[PDB]
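I have placed the structure first, in the form of structure tokens, so that the comments after it can refer back to it.
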Amino acid sequence: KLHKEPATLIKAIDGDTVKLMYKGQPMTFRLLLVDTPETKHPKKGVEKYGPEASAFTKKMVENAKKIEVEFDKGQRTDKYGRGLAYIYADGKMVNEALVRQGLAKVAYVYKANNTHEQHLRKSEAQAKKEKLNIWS
């Protein structure tokens, strides 16, 4: 089953992307099962709530004492070379926190990487009941 591995923060890039030192090598990680408003969107400019999601992720990983990555069962890298994982800051999954705060939507499953989809779905449901940020 899944297991967490240590990593070291290098730089927070976007609400859904963080650069980390994983096993002695820098890597860009794309947070699994989440879709945050972008600030660095190819087409379309700084989307609504983009700055908020970026600040949220940034704050969470920078203030953490221990960063851990957790790959799922499917493909572990996307077509851009970004690792696909669940990121944890001091035991708290950053993917879930974003959703729970209404700063991200739960994305489509990417090649069998859906172990935590149900959990995330529940948090997203709650965030919309509470009309949080995106769900206003």
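Cβ placement follows ideal geometry from the backbone for every residue including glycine, while neighbour counts extend to all protein chains displayed. Values quoted throughout were computed directly from the atomic coordinates according to the rules given, and no laboratory measurement underlies them.
Being touching a residue at least 12 places away in the same chain (Cβ under 8 Å) and among the polar types (S, T, N, Q) is the filter; apply it to region 84-135 and report the residue that is nearest to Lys65 (Cα to Cα).
Applying the filter and picking the extreme gives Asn95.
Looking at region 1-20, which of the residues that are within 16 Å of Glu70 (Cβ to Cβ) and of a type in the set (A, V, I, L, M) is surrounded by the fewest Cβ atoms within 10 Å (Cβ to Cβ)?
So the residue we want is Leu2.
Can you tell me how many residues in region 24-41 are part of a loop (DSSP other than H, G, I, E, B) and of a type in the set (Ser, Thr, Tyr)?
2
Tally time: how many residues in region 8-23 are more than 15 Å from the chain's Cα centre (by Cα) and not in a loop (DSSP other than H, G, I, E, B)?
The number of residues fulfilling the criteria is 4.
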